[PDB]
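Residue numbers (this note's numbering), protein chains in the order written: chain A, 1 to 117; chain B, 118 to 234. Comments concern the structure below.
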């Protein structure tokens with residue numbers, strides 16, 4: 001419930017890069033970036049620009065999640081796509097969050113352990 | 118336009134948890150909308166959410182029609198007051214409330230940026 005709020009704030013901050021909205025709470029989440037190849041991101045961005053939509057990101061977030069590693073990768077690709085699509089992108093972020101949390105809510109306990117245990 | 122979506126999410130989340138490390142002066146003009154909302158309409162909504170153990174009544178309030186910028190400011194203000202008064206412990210899927218809020222008020226984002234700036 002802290003996780004829901006934190007991940008929303010984190011993905012919105014990666015989107016706009018406004019440093020008045022930075023928070024040290026994000027530092028441990030930035031470390032998930034190593035799980036994600038920047039060519040998978042570059043391809044997603046190209047597909048979102050070709051479809052003029054979050055469509056391809058929603059498809060990536062609907063891919064199944066089996067463990068905390070898949071969760072960290074799903075948060076990281078959300079974050080990298082949020083940064084690289086640019087602050088002007090009129091994305092319904094609530095639609096991405098709805099799917100992200102449907103897939104990773106089960107693992108919120110396992111994720112708080114990995115971060116703060 | 119993308120700015121309004123981000124700002125209103127950050128504002129409603131901040132009213133919910135009251136964490137002062139997430140305060141931003143950008144919220145100051147949104148706090149002014151509070152005068153449009155009677156604290157007895159809020160008290161009734163909170164009571165109905167606690168009696169039903171659900172966001173049900175908030176989702177119903179956000180589904181009431183929006184005809185002008187005034188209705189938008191009132192809808193943002195009641196979201197915000199409910200977020201503060203329901204408490205940080207409340208297991209609310211905030212994305213579900215944002216989905217409805219933005220279905221109703223996205224049309225008026227341009228009129229709302231004018232009013233604010």
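Don't be surprised by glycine CBs; every beta carbon is placed ideally from N, CA and C.
Report task. Would you tell me roughly how many angstroms separate the C-alpha atoms of residue 110/A and residue 220/B, rounded to the nearest one? Result -> Counted from its first residue, the first chain places residue 110/A at position 110. Counted from its first residue, the second chain places residue 220/B at position 103. In a straight line, the C-alpha of residue 110/A is about 34 Å away from that of residue 220/B.
Requested in this report: Find the residues of chain A that neighbour residue 122/B, judging by a C-beta separation of less than 7 Å, and give them in chain order.
Outcome: For this step, residue 122/B is matched to residue 5 along the second chain. The contacting residues are 93.
Query raised in the report: Just how far apart, CA to CA, sit residue 160/B and residue 128/B?
Result: Position 43 of the second chain, counted from the start, is the residue given in the question as residue 160/B. Position 11 of the second chain, counted from the start, is the residue given in the question as residue 128/B. Rounded to the nearest angstrom, the two C-alpha atoms are 20 Å apart.
Query raised in the report: Is the segment 198-211 of chain B touching the segment 138-145 of chain B, taking contact as three or more C-beta pairs under 8 Å?
Result: Contact between the segment 198-211 of chain B and the segment 138-145 of chain B is absent: fewer than three C-beta pairs spanning the two stretches fall below 8 Å.
Query raised in the report: How long is the line joining the alpha carbons of residue 205/B and residue 85/A, rounded to whole angstroms?
Result: The residue labelled residue 205/B in the question sits at position 88 within the second chain. The residue labelled residue 85/A in the question sits at position 85 within the first chain. For residue 205/B and residue 85/A, the distance between alpha carbons rounds to 31 Å.
Query - Per-residue contacts from residue 16/A into chain B (C-beta, under 9 Å) - result: As a working note, residue 16/A is residue 16 in the first chain. Neighbours of residue 16/A on chain B, chain order: 119, 120 and 123.
Query raised in the report: DSSP three-state call for residue 79/A: helix, strand or coil?
Result: Position 79 of the first chain, counted from the first residue, corresponds to residue 79/A. Of the three classes helix, strand and coil, the one that applies to residue 79/A here is helix, per DSSP.
Query raised in the report: Closest to residue 189/B by CA distance: which of 213/B, 226/B and 133/B is it?
Result: For this step, residue 189/B is matched to residue 72 along the second chain. Nearest of 213/B, 226/B and 133/B to residue 189/B, Cα basis: 226/B.
Query - Pick from 122/B, 126/B and 118/B that is closest to residue 200/B, judged by C-alpha positions - result: Counting from 1 along the second chain, the entry for residue 200/B is found at position 83. It is 126/B.
Query raised in the report: Which term fits residue 15/A, buried or exposed, when burial requires 16 or more other beta carbons within 10 angstroms of its beta carbon?
Result: Locating residue 15/A in the first chain gives position 15, counting from the first residue. Sixteen is the threshold: when 16 or more other Cβ atoms of the shown chains lie within 10 Å of the Cβ of residue 15/A, as they do, the residue is buried.
Query raised in the report: Which value, in whole angstroms, describes the spacing of the CA atoms of residue 193/B and residue 47/A?
Result: The residue you call residue 193/B lines up with position 76 of the second chain. The residue you call residue 47/A lines up with position 47 of the first chain. Each residue's alpha carbon lies about 34 Å from the other.
Report task. Please classify residue 119/B: does DSSP put it in a helix, a strand, or coil? Result -> By 1-based counting over the second chain, the position of residue 119/B is 2. The answer is helix: DSSP assigns residue 119/B an H, G or I state.
Query raised in the report: Is any beta-carbon of chain B found at less than 8 Å from that of residue 57/A?
Result: Sequence index remark: in the first chain, residue 57/A carries index 57 (1-based). Not an interface residue.
Requested in this report: Determine whether the Cβ of residue 78/A lies closer than 8 Å to any Cβ atom of chain B.
Outcome: Residue 78/A sits at position 78 when you count from the first residue of the first chain. No - not a single Cβ of chain B is within 8 Å of the one on residue 78/A.
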